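Novice: Got a structure for you, questions after.
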Amino acid sequence: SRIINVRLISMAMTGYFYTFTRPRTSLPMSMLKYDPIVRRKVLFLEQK
Amino acid sequence: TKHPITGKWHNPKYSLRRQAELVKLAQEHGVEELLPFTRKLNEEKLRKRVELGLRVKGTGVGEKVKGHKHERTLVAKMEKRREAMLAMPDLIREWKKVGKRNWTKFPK
Amino acid sequence: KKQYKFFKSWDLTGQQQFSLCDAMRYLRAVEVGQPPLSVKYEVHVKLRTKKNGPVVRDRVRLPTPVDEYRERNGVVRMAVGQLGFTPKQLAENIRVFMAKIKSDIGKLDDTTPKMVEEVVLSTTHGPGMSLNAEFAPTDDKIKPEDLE
Amino acid sequence: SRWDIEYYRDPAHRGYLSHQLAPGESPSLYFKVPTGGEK
Amino acid sequence: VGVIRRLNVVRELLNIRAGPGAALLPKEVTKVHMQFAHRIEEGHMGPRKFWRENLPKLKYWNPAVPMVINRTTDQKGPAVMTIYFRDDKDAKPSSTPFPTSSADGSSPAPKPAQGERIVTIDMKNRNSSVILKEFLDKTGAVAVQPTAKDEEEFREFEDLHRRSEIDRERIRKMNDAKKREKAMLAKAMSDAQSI
Amino acid sequence: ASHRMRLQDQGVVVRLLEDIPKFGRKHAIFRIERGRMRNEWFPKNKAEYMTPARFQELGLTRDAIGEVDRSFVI
Amino acid sequence: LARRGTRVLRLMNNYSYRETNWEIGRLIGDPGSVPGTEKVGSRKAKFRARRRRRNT
RNA sequence: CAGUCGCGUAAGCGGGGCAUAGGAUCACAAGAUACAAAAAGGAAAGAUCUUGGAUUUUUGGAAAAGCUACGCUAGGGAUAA
RNA sequence: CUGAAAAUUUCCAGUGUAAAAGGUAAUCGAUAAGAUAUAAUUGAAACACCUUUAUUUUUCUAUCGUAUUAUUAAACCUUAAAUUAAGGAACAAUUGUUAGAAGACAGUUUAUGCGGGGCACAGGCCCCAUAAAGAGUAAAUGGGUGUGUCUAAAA
RNA sequence: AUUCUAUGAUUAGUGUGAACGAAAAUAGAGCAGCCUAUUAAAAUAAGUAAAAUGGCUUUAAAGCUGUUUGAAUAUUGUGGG
Ligand SMILES: [K+]
Ligand SMILES: [K+]
Ligand SMILES: [K+]
Ligand SMILES: [K+]
Ligand SMILES: [Mg+2]
Ligand SMILES: [Mg+2]
Ligand SMILES: [Mg+2]
Ligand SMILES: [Mg+2]
Ligand SMILES: [Mg+2]
Ligand SMILES: [Mg+2]
Ligand SMILES: [Mg+2]
Ligand SMILES: [Mg+2]
Ligand SMILES: [Mg+2]
Ligand SMILES: [Mg+2]
Ligand SMILES: [Mg+2]
Ligand SMILES: [Mg+2]
Ligand SMILES: [Mg+2]
Ligand SMILES: [Mg+2]
């Protein structure tokens with residue numbers, strides 16, 4: 001209830017995602033991750 | 001045959017199964033030319049195939065395959081992925097400028 | 001006591017719509033002798049929109065001058081042409097208005113896409129008549145005719 | 001079937017239906033050979 | 001505002017195609033012109049009713065002929081109408097110049113072309129009826145007859161006005177009774193305040 | 001509203017034979033509740049069932065079914 | 001413009017023609033750096049422009 | 001090893017945290033793969049890959065309260081008086 | 001919000017109970033006058049008339065719902081060889097479906113471990129000692145307030 | 001065509017599991033077709049097919065079925081699978 005599991009969706013619209021945890025009383029996660037479909041590092045944003 | 005007095009179709013005196021027994025029996029004795037018209041005749045089965053051919057859904061004459069869902073949406077799928085990458089540099093510039101804390105545009 | 005989130009949408013199954021040419025034949029008769037420069041058409045387009053949603057406040061530069069339009073309550077009212085407008089000129093003068101709307105709708109959010117329900121046409125002294133997508137007259141005897 | 005027709009309809013396998021194709025046509029009953037150029 | 005509300009209000013106003021003044025003019029005619037005053041004085045009421053009652057019924061069956069009006073403030077102006085009856089046996093002349101309607105007499109009766117012969121018709125202190133018949137008999141035209149559906153249109157809306165007027169007075173009797181009763185209540189409150 | 005509702009009967013088609021008042025005139029086809037036809041009209045010979053065979057002898061078709069006229073008067 | 005506008009359709013499978021994802025990723029630039037993170041301008045160029053706007 | 005990112009002059013370092021304490025499958029839910037598609041064209045329902053929601057705490061993982069002195073059977077000096 | 005006819009929309013000011021917007025400068029007055037409107041005044045917003053919408057309220061219609069009342073006027077039910085009789089009555093009753101509900105009745109579970117069993121208590125995993133100088137090593141053996149976590153690196 | 005025996009088959013498939021479990025086809029035993037049935041029957045099939053719902057069977061189809069409802073008219077493509 002204190003922590004949640006969030007899905008970071010690839011902004012390349014390839015359908016790959018990363019799953020991390022973070023507290024509820026925090027801001028959504030945004031990271032620069034590696035997309036294995038296009039084989040490049042793109043921007044990953046939280047699903048919701 | 002449709003009875004004249006009563007508007008009802010009477011089944012044929014010989015069912016489709018019995019029609020094949022006479023054709024298979026009349027062909028072994030060379031008397032297939034005397035049997036009346038029948039959809040089970042060896043020449044009728046072959047003439048109908050050569051004339052029209054395969055008419056099943058998709059692979060029939062004049063029919064076109066529909067394609068699987070993942071095949072119909074293939075071009076539109078690769079065009080969406082291509083559109084996102086082209087806009088990738090402008091999206092990271094706005095992200096690195098605005099910052100990870102002040103970012104507010106998230107997928108839905 | 002009760003409340004709804006929508007604008008009343010009536011049933012159009014029994015409506016009597018008119019083609020653009022057949023309609024002008026009815027309107028041009030009621031405006032006989034009226035100054036064509038001071039008598040202009042008008043169109044009211046009812047939209048299936050929610051009351052809470054936003055409103056349209058865009059502008060449009062029609063081909064032929066008669067522009068600003070605004071949605072007040074599930075409808076948009078604006079002139080589209082003077083009385084002396086020929087059906088060819090008046091026709092495209094409407095297509096430019098419907099497209100600019102449908103372009104602004106799609107430009108809007110996807111939460112509640114406002115779809116059109118009916119299109120009305122009237123003059124400054126004429127009755128409000130419904131419009132059908134057709135353009136040519138149903139009567140084979142009459143043909144496109146232009147005059148004062 | 002689609003797969004069976006496409007198999008014997010191409011020249012790579014020397015299918016007995018390959019004569020029904022054109023020099024540019026593809027064996028697939030759905031896909032086509034895109035065109036090259038700038039337009 | 002239902003669809004049938006707007007529908008009944010329209011189909012009633014579509015009497016333009018009816019018996020009173022409708023008729024299919026011949027192809028011999030080319031155009032029409034009329035000029036009268038604004039007010040109804042010195043013999044000017046006739047043309048007005050002809051313009052609001054029967055004239056619109058001509059443009060429906062004759063939407064190709066231009067029927068223009070030229071109003072003015074001079075109440076003594078000659079309320080006369082011209083009919084370009086002759087088209088030179090349908091020679092199709094090039095009568096390009098032609099005015100447009102107005103309200104200050106800015107579009108008077110122009111001179112006809114060589115292949116045109118106008119027909120003058122005076123109207124002053126005369127009823128629209130005598131003016132109408134003078135238009136048909138002179139400009140020989142066949143009168144269109146209505147269809148059975150049009151007879152139902154007249155019969156239906158006619159019976160409707162019966163129900164309407166029956167309700168106009170009814171609802172009127174409830175409001176005045178209330179406006180009267182509520183008036184009594186106001187009087188009572190005023191009397192109470194005085195005491 | 002829903003994609004499936006309760007299954008209901010609309011009535012039985014009958015052709016009057018004695019000009020019943022408040023329902024319809026003689027030789028009038030319409031759908032009436034099965035209770036009245038089965039207990040009141042059929043015993044008294046006031047109407048008759050319109051079977052597919054009866055439709056052919058009378059020359060009419062299934063598209064000739066009318067409606068009940070409550071305002072009927074003798 | 002020519003790089004981002006090119007489209008190489010290949011014969012991946014089932015006689016289908018499409019653009020490989022790894023190529024779609026290399027339209028923005030060659031691999032090794034993330035486009036957008038690189039500074040478009042130079043710090044020296046910004047200093048020169050800061051004086052120009054001040055001189056005027 | 002391949003792929004592509006960060007930091008560093010460089011060498012090089014990085015496949016979470018100084019180390020040792022967080023349960024499967026099934027079913028269910030969200031993405032991807034293009035495998036198969038029960039006449040055929042599709043689809044459904046399946047298969048592979050990634051991921052989530054568990055005092056399954058008897059924690060290799062049953063949805064589960066008592067009396068018998070009316071008691072019964074199979075066994076135990078493997079166990080009391 | 002089933003639809004139809006008709007009507008209704010009052011903060012101060014305002015000719016006055018301004019529904020809103022859009023368009024318009026004339027509209028009505030059977031031939032004689034004048035009433036409306038525009039103007040001007042008031043106000044944030046100014047009016048006839050033609051249109052399309054908004055709120056509210058009557059009747060009709062449509063749809064539900066309850067009570068009441070009648071019924072050889074042959075539903076059904078009760079007495080009655082069983083009737084143009086008497087009474088009840090669109091209830092009751094029966095069938096199907098739905099929800100609730102009695103261990104009244106049925107099947108099964110209620111475990112195992114434990115210096116006998118009952119009651120009680122215990123069940124995965126981590127650190128130290130016992131442990132005999134590799135590793136491992138038990139007891140209802142000694143130590144712990146052990147544990148089902150925390151953590152995105154930002155003014 | 002039906003019936004019996006074996007193979008197909010500890011299969012497809014269902015089932016959380018434990019388990020359950022076809023058909024096509026093949027071989028053999030027999031073989032017989034018809035409505036003018038070698039015993040005397042049809043004017044070609046309507047409250048039927050089918051649907052919702054409660055069950056059976058079963059792989060979700062097909063088949064059986066209480067309740068409430070309820071079609072069409074032949075390859076010149078009507079009906080079922
Ligand atoms: K298939
Ligand atoms: K040791
Ligand atoms: K199996
Ligand atoms: K079934
Ligand atoms: Mg009923
Ligand atoms: Mg265990
Ligand atoms: Mg273990
Ligand atoms: Mg005792
Ligand atoms: Mg012992
Ligand atoms: Mg009684
Ligand atoms: Mg019990
Ligand atoms: Mg040792
Ligand atoms: Mg067997
Ligand atoms: Mg078990
Ligand atoms: Mg049959
Ligand atoms: Mg059945
Ligand atoms: Mg089926
Ligand atoms: Mg069947």
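Order determines the names: the first chain of the structure tokens is A, the second B, and so forth; residues in each chain are numbered 1 upward, and ligands are numbered 1 upward as they are shown.
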For segment 11-16 of chain G, please output as a list in words all residues within 10 Å (counting only C-alpha atoms (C1' of nucleotides); exclusion window: fewer than 4 positions along the same chain).

Specialist: residues 71 and 74 of chain B; 3, 6, 26, 27, 28, 29, 30, 31, 32, 33 and 34 of chain D; 20 of chain G; 34 of chain H

Novice: List all protein, DNA and RNA residues that have at least one atom no more than 9 Å from any atom of ligand 2, counting only C-alpha atoms (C1' of nucleotides) and all ligand atoms, and write them as a PDB file with N, CA, C and O atoms (P, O5', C5', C4', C3', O3' and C1' of nucleotides), in the first residue's frame.

Specialist:
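Generated output (part34.pdb):
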```
ATOM      1  P     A I 131      30.601 -28.300  21.695  1.00  0.00           P
ATOM      2  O5'   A I 131      31.463 -27.648  20.528  1.00  0.00           O
ATOM      3  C5'   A I 131      32.384 -28.433  19.782  1.00  0.00           C
ATOM      4  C4'   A I 131      32.506 -27.965  18.355  1.00  0.00           C
ATOM      5  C3'   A I 131      32.619 -26.456  18.178  1.00  0.00           C
ATOM      6  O3'   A I 131      33.449 -26.164  17.054  1.00  0.00           O
ATOM      7  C1'   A I 131      30.686 -27.232  17.072  1.00  0.00           C
ATOM      8  P     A I 132      35.051 -26.181  17.208  1.00  0.00           P
ATOM      9  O5'   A I 132      35.343 -27.497  18.058  1.00  0.00           O
ATOM     10  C5'   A I 132      36.482 -27.604  18.901  1.00  0.00           C
ATOM     11  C4'   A I 132      36.820 -29.046  19.180  1.00  0.00           C
ATOM     12  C3'   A I 132      37.314 -29.846  17.984  1.00  0.00           C
ATOM     13  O3'   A I 132      38.705 -29.692  17.762  1.00  0.00           O
ATOM     14  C1'   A I 132      35.590 -31.041  19.062  1.00  0.00           C
ATOM     15  P     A I 133      39.306 -29.721  16.273  1.00  0.00           P
ATOM     16  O5'   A I 133      39.939 -28.273  16.093  1.00  0.00           O
ATOM     17  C5'   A I 133      39.117 -27.120  16.042  1.00  0.00           C
ATOM     18  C4'   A I 133      39.725 -26.044  15.181  1.00  0.00           C
ATOM     19  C3'   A I 133      40.195 -26.485  13.805  1.00  0.00           C
ATOM     20  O3'   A I 133      39.156 -26.555  12.849  1.00  0.00           O
ATOM     21  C1'   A I 133      41.901 -25.239  14.834  1.00  0.00           C
ATOM     22  P     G I 134      39.042 -27.831  11.883  1.00  0.00           P
ATOM     23  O5'   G I 134      38.523 -27.215  10.513  1.00  0.00           O
ATOM     24  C5'   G I 134      39.240 -26.167   9.880  1.00  0.00           C
ATOM     25  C4'   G I 134      38.975 -26.140   8.400  1.00  0.00           C
ATOM     26  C3'   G I 134      37.508 -26.113   8.008  1.00  0.00           C
ATOM     27  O3'   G I 134      36.964 -24.805   8.042  1.00  0.00           O
ATOM     28  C1'   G I 134      38.635 -27.772   6.754  1.00  0.00           C
ATOM     29  P     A I 135      35.597 -24.507   8.830  1.00  0.00           P
ATOM     30  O5'   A I 135      34.474 -25.186   7.931  1.00  0.00           O
ATOM     31  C5'   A I 135      34.201 -24.715   6.621  1.00  0.00           C
ATOM     32  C4'   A I 135      33.432 -25.735   5.825  1.00  0.00           C
ATOM     33  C3'   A I 135      32.140 -26.232   6.454  1.00  0.00           C
ATOM     34  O3'   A I 135      31.045 -25.359   6.250  1.00  0.00           O
ATOM     35  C1'   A I 135      33.404 -28.077   5.715  1.00  0.00           C
ATOM     36  P     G I 136      30.040 -25.021   7.458  1.00  0.00           P
ATOM     37  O5'   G I 136      29.241 -26.379   7.679  1.00  0.00           O
ATOM     38  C5'   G I 136      28.444 -26.937   6.647  1.00  0.00           C
ATOM     39  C4'   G I 136      28.080 -28.366   6.955  1.00  0.00           C
ATOM     40  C3'   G I 136      27.383 -28.599   8.286  1.00  0.00           C
ATOM     41  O3'   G I 136      25.989 -28.351   8.229  1.00  0.00           O
ATOM     42  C1'   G I 136      29.155 -30.140   8.050  1.00  0.00           C
ATOM     43  P     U I 137      25.250 -27.588   9.432  1.00  0.00           P
ATOM     44  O5'   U I 137      25.226 -28.661  10.607  1.00  0.00           O
ATOM     45  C5'   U I 137      24.577 -29.910  10.435  1.00  0.00           C
ATOM     46  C4'   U I 137      24.970 -30.886  11.513  1.00  0.00           C
ATOM     47  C3'   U I 137      24.750 -30.418  12.942  1.00  0.00           C
ATOM     48  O3'   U I 137      23.418 -30.613  13.381  1.00  0.00           O
ATOM     49  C1'   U I 137      26.919 -31.348  12.728  1.00  0.00           C
TER      50        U I 137
END
```

Novice: At a cut-off of 9 Å, using only C-alpha atoms (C1' of nucleotides), what residues contact segment 61-77 of chain J? Leave out same-chain residues fewer than 4 positions from it and give the result as a PDB file with N, CA, C and O atoms (P, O5', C5', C4', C3', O3' and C1' of nucleotides), in the first residue's frame.

Specialist:
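The resulting around.pdb:
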```pdb
ATOM      1  N   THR B   1     -39.281 -33.006 -56.691  1.00  0.00           N
ATOM      2  CA  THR B   1     -40.448 -32.584 -57.449  1.00  0.00           C
ATOM      3  C   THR B   1     -41.427 -31.877 -56.525  1.00  0.00           C
ATOM      4  O   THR B   1     -41.696 -32.346 -55.415  1.00  0.00           O
ATOM      5  N   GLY B   7     -48.192 -27.322 -52.282  1.00  0.00           N
ATOM      6  CA  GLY B   7     -46.938 -26.652 -52.552  1.00  0.00           C
ATOM      7  C   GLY B   7     -45.820 -27.128 -51.651  1.00  0.00           C
ATOM      8  O   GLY B   7     -45.324 -26.370 -50.812  1.00  0.00           O
ATOM      9  N   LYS B   8     -45.414 -28.384 -51.815  1.00  0.00           N
ATOM     10  CA  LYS B   8     -44.349 -28.963 -51.013  1.00  0.00           C
ATOM     11  C   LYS B   8     -43.454 -29.809 -51.902  1.00  0.00           C
ATOM     12  O   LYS B   8     -43.936 -30.525 -52.783  1.00  0.00           O
ATOM     13  N   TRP B   9     -42.149 -29.719 -51.664  1.00  0.00           N
ATOM     14  CA  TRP B   9     -41.176 -30.453 -52.458  1.00  0.00           C
ATOM     15  C   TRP B   9     -41.043 -31.875 -51.933  1.00  0.00           C
ATOM     16  O   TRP B   9     -40.796 -32.087 -50.742  1.00  0.00           O
ATOM     17  N   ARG B  39     -25.974 -34.904 -60.026  1.00  0.00           N
ATOM     18  CA  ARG B  39     -24.795 -34.198 -59.549  1.00  0.00           C
ATOM     19  C   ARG B  39     -23.660 -35.144 -59.188  1.00  0.00           C
ATOM     20  O   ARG B  39     -22.538 -34.678 -58.960  1.00  0.00           O
TER      21      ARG B  39
ATOM     22  N   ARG F   6     -37.317  -9.929 -22.146  1.00  0.00           N
ATOM     23  CA  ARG F   6     -38.225 -11.028 -21.860  1.00  0.00           C
ATOM     24  C   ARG F   6     -39.059 -11.353 -23.092  1.00  0.00           C
ATOM     25  O   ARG F   6     -39.544 -10.459 -23.790  1.00  0.00           O
ATOM     26  N   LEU F   7     -39.221 -12.645 -23.357  1.00  0.00           N
ATOM     27  CA  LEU F   7     -40.009 -13.105 -24.493  1.00  0.00           C
ATOM     28  C   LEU F   7     -41.494 -12.994 -24.172  1.00  0.00           C
ATOM     29  O   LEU F   7     -41.968 -13.575 -23.190  1.00  0.00           O
ATOM     30  N   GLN F   8     -42.225 -12.250 -24.999  1.00  0.00           N
ATOM     31  CA  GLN F   8     -43.647 -12.017 -24.801  1.00  0.00           C
ATOM     32  C   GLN F   8     -44.411 -12.382 -26.066  1.00  0.00           C
ATOM     33  O   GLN F   8     -43.867 -12.375 -27.173  1.00  0.00           O
ATOM     34  N   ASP F   9     -45.688 -12.703 -25.884  1.00  0.00           N
ATOM     35  CA  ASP F   9     -46.593 -13.003 -26.983  1.00  0.00           C
ATOM     36  C   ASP F   9     -47.377 -11.755 -27.365  1.00  0.00           C
ATOM     37  O   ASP F   9     -47.816 -10.995 -26.497  1.00  0.00           O
TER      38      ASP F   9
ATOM     39  P     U I  95     -46.190 -27.130  -8.591  1.00  0.00           P
ATOM     40  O5'   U I  95     -45.693 -26.706 -10.043  1.00  0.00           O
ATOM     41  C5'   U I  95     -45.730 -27.625 -11.122  1.00  0.00           C
ATOM     42  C4'   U I  95     -45.369 -26.962 -12.425  1.00  0.00           C
ATOM     43  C3'   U I  95     -44.015 -26.278 -12.470  1.00  0.00           C
ATOM     44  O3'   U I  95     -42.938 -27.176 -12.661  1.00  0.00           O
ATOM     45  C1'   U I  95     -45.642 -24.846 -13.396  1.00  0.00           C
ATOM     46  P     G I  96     -41.552 -26.948 -11.882  1.00  0.00           P
ATOM     47  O5'   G I  96     -40.872 -25.739 -12.661  1.00  0.00           O
ATOM     48  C5'   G I  96     -40.448 -25.892 -14.005  1.00  0.00           C
ATOM     49  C4'   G I  96     -40.060 -24.574 -14.620  1.00  0.00           C
ATOM     50  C3'   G I  96     -39.022 -23.759 -13.868  1.00  0.00           C
ATOM     51  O3'   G I  96     -37.695 -24.202 -14.083  1.00  0.00           O
ATOM     52  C1'   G I  96     -40.808 -22.357 -14.509  1.00  0.00           C
ATOM     53  P     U I  97     -36.597 -24.050 -12.920  1.00  0.00           P
ATOM     54  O5'   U I  97     -36.366 -22.478 -12.809  1.00  0.00           O
ATOM     55  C5'   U I  97     -35.769 -21.764 -13.879  1.00  0.00           C
ATOM     56  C4'   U I  97     -35.866 -20.271 -13.696  1.00  0.00           C
ATOM     57  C3'   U I  97     -35.196 -19.696 -12.460  1.00  0.00           C
ATOM     58  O3'   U I  97     -33.796 -19.549 -12.601  1.00  0.00           O
ATOM     59  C1'   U I  97     -37.352 -18.771 -12.676  1.00  0.00           C
TER      60        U I  97
ATOM     61  P     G J  47     -48.102 -28.460 -35.378  1.00  0.00           P
ATOM     62  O5'   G J  47     -48.342 -27.693 -34.003  1.00  0.00           O
ATOM     63  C5'   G J  47     -47.554 -27.986 -32.854  1.00  0.00           C
ATOM     64  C4'   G J  47     -46.212 -27.304 -32.911  1.00  0.00           C
ATOM     65  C3'   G J  47     -45.372 -27.414 -31.640  1.00  0.00           C
ATOM     66  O3'   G J  47     -43.989 -27.479 -31.979  1.00  0.00           O
ATOM     67  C1'   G J  47     -45.780 -25.145 -32.108  1.00  0.00           C
ATOM     68  P     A J  49     -37.765 -29.462 -32.762  1.00  0.00           P
ATOM     69  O5'   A J  49     -36.841 -28.694 -33.805  1.00  0.00           O
ATOM     70  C5'   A J  49     -36.190 -29.397 -34.850  1.00  0.00           C
ATOM     71  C4'   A J  49     -35.567 -28.456 -35.846  1.00  0.00           C
ATOM     72  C3'   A J  49     -34.608 -27.426 -35.276  1.00  0.00           C
ATOM     73  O3'   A J  49     -33.314 -27.947 -35.035  1.00  0.00           O
ATOM     74  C1'   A J  49     -36.108 -26.363 -36.751  1.00  0.00           C
ATOM     75  P     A J  50     -32.589 -27.689 -33.624  1.00  0.00           P
ATOM     76  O5'   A J  50     -32.586 -26.105 -33.476  1.00  0.00           O
ATOM     77  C5'   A J  50     -31.875 -25.288 -34.392  1.00  0.00           C
ATOM     78  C4'   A J  50     -32.266 -23.838 -34.260  1.00  0.00           C
ATOM     79  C3'   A J  50     -32.059 -23.208 -32.892  1.00  0.00           C
ATOM     80  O3'   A J  50     -30.725 -22.798 -32.660  1.00  0.00           O
ATOM     81  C1'   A J  50     -34.219 -22.683 -33.668  1.00  0.00           C
ATOM     82  P     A J  51     -30.143 -22.747 -31.163  1.00  0.00           P
ATOM     83  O5'   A J  51     -30.781 -21.427 -30.545  1.00  0.00           O
ATOM     84  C5'   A J  51     -30.466 -20.153 -31.082  1.00  0.00           C
ATOM     85  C4'   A J  51     -31.281 -19.058 -30.442  1.00  0.00           C
ATOM     86  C3'   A J  51     -31.173 -18.949 -28.931  1.00  0.00           C
ATOM     87  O3'   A J  51     -30.013 -18.255 -28.512  1.00  0.00           O
ATOM     88  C1'   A J  51     -33.445 -18.854 -29.563  1.00  0.00           C
ATOM     89  P     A J  52     -29.203 -18.736 -27.211  1.00  0.00           P
ATOM     90  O5'   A J  52     -30.019 -18.112 -25.995  1.00  0.00           O
ATOM     91  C5'   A J  52     -30.120 -16.707 -25.832  1.00  0.00           C
ATOM     92  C4'   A J  52     -31.154 -16.346 -24.799  1.00  0.00           C
ATOM     93  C3'   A J  52     -30.994 -17.017 -23.445  1.00  0.00           C
ATOM     94  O3'   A J  52     -30.040 -16.379 -22.617  1.00  0.00           O
ATOM     95  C1'   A J  52     -33.237 -17.201 -24.145  1.00  0.00           C
ATOM     96  P     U J  53     -29.049 -17.258 -21.709  1.00  0.00           P
ATOM     97  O5'   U J  53     -30.007 -17.912 -20.620  1.00  0.00           O
ATOM     98  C5'   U J  53     -30.710 -17.102 -19.693  1.00  0.00           C
ATOM     99  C4'   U J  53     -31.765 -17.884 -18.956  1.00  0.00           C
ATOM    100  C3'   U J  53     -31.297 -19.153 -18.268  1.00  0.00           C
ATOM    101  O3'   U J  53     -30.642 -18.914 -17.036  1.00  0.00           O
ATOM    102  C1'   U J  53     -33.288 -19.596 -19.449  1.00  0.00           C
ATOM    103  P     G J  54     -29.497 -19.919 -16.528  1.00  0.00           P
ATOM    104  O5'   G J  54     -30.305 -21.193 -16.025  1.00  0.00           O
ATOM    105  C5'   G J  54     -31.207 -21.095 -14.937  1.00  0.00           C
ATOM    106  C4'   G J  54     -31.843 -22.423 -14.626  1.00  0.00           C
ATOM    107  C3'   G J  54     -30.917 -23.624 -14.627  1.00  0.00           C
ATOM    108  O3'   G J  54     -30.155 -23.742 -13.438  1.00  0.00           O
ATOM    109  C1'   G J  54     -32.872 -24.143 -15.838  1.00  0.00           C
ATOM    110  P     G J  55     -28.840 -24.661 -13.420  1.00  0.00           P
ATOM    111  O5'   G J  55     -29.371 -26.086 -13.891  1.00  0.00           O
ATOM    112  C5'   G J  55     -28.479 -27.085 -14.360  1.00  0.00           C
ATOM    113  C4'   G J  55     -29.213 -28.361 -14.683  1.00  0.00           C
ATOM    114  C3'   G J  55     -28.405 -29.449 -15.373  1.00  0.00           C
ATOM    115  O3'   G J  55     -27.598 -30.201 -14.487  1.00  0.00           O
ATOM    116  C1'   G J  55     -30.452 -29.171 -16.502  1.00  0.00           C
ATOM    117  P     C J  56     -26.213 -30.830 -15.002  1.00  0.00           P
ATOM    118  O5'   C J  56     -26.663 -31.929 -16.063  1.00  0.00           O
ATOM    119  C5'   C J  56     -27.384 -33.077 -15.646  1.00  0.00           C
ATOM    120  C4'   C J  56     -27.773 -33.958 -16.806  1.00  0.00           C
ATOM    121  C3'   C J  56     -26.633 -34.494 -17.656  1.00  0.00           C
ATOM    122  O3'   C J  56     -25.983 -35.613 -17.082  1.00  0.00           O
ATOM    123  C1'   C J  56     -28.360 -33.689 -19.057  1.00  0.00           C
ATOM    124  P     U J  57     -24.378 -35.692 -17.061  1.00  0.00           P
ATOM    125  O5'   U J  57     -23.972 -35.938 -18.582  1.00  0.00           O
ATOM    126  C5'   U J  57     -24.296 -37.151 -19.243  1.00  0.00           C
ATOM    127  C4'   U J  57     -24.265 -36.990 -20.742  1.00  0.00           C
ATOM    128  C3'   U J  57     -22.927 -36.600 -21.352  1.00  0.00           C
ATOM    129  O3'   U J  57     -22.043 -37.694 -21.519  1.00  0.00           O
ATOM    130  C1'   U J  57     -24.615 -35.223 -22.245  1.00  0.00           C
ATOM    131  P     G J  81     -27.177 -26.478 -38.136  1.00  0.00           P
ATOM    132  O5'   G J  81     -26.063 -27.506 -38.618  1.00  0.00           O
ATOM    133  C5'   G J  81     -25.919 -28.771 -37.991  1.00  0.00           C
ATOM    134  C4'   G J  81     -24.977 -29.659 -38.760  1.00  0.00           C
ATOM    135  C3'   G J  81     -23.542 -29.173 -38.875  1.00  0.00           C
ATOM    136  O3'   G J  81     -22.770 -29.452 -37.720  1.00  0.00           O
ATOM    137  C1'   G J  81     -24.311 -29.858 -40.997  1.00  0.00           C
TER     138        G J  81
END
```

Novice: So that I can check the surroundings of residue 65 of chain F, please list as a short mmCIF file (atom, residue, chain, number, x, y, z; two decimals) with N, CA and C atoms, in the first residue's frame every protein, DNA and RNA residue that reaches within 10 Å of it, counting only C-alpha atoms (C1' of nucleotides) and ignoring chain neighbours fewer than 3 positions away.

Specialist:
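Wrote around_2.cif, looks like this:
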```
data_model
loop_
_atom_site.label_atom_id
_atom_site.label_comp_id
_atom_site.auth_asym_id
_atom_site.auth_seq_id
_atom_site.Cartn_x
_atom_site.Cartn_y
_atom_site.Cartn_z
N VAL F 13 -53.98 -13.90 -34.29
CA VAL F 13 -54.69 -13.25 -35.39
C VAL F 13 -56.07 -13.87 -35.53
N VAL F 14 -57.09 -13.02 -35.62
CA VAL F 14 -58.47 -13.47 -35.73
C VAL F 14 -59.21 -12.56 -36.70
N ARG F 15 -60.24 -13.11 -37.34
CA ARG F 15 -61.10 -12.37 -38.25
C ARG F 15 -62.51 -12.36 -37.68
N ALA F 28 -62.77 -8.08 -39.93
CA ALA F 28 -61.62 -7.25 -39.59
C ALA F 28 -60.56 -8.13 -38.94
N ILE F 29 -59.34 -8.09 -39.48
CA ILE F 29 -58.24 -8.91 -39.00
C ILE F 29 -57.37 -8.06 -38.09
N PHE F 30 -56.98 -8.63 -36.95
CA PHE F 30 -56.11 -7.95 -36.00
C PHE F 30 -55.71 -8.95 -34.92
N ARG F 31 -54.73 -8.55 -34.11
CA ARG F 31 -54.23 -9.39 -33.03
C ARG F 31 -54.96 -9.05 -31.74
N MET F 50 -57.32 -17.18 -37.82
CA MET F 50 -56.79 -16.95 -39.16
C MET F 50 -55.54 -17.80 -39.33
N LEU F 60 -56.19 -13.34 -49.04
CA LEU F 60 -55.35 -12.35 -48.40
C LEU F 60 -53.99 -12.95 -48.03
N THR F 61 -53.10 -12.09 -47.56
CA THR F 61 -51.76 -12.47 -47.13
C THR F 61 -51.55 -12.02 -45.69
N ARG F 62 -50.39 -12.39 -45.14
CA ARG F 62 -50.08 -12.05 -43.76
C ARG F 62 -49.89 -10.56 -43.55
#
```

Novice: Which residue gives the smallest distance to chain G among H:53, H:6, H:24, H:1, with only C-alpha atoms (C1' of nucleotides) counted?

Specialist: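 When distances to chain G are compared using only C-alpha atoms (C1' of nucleotides), the smallest one comes from H:6.
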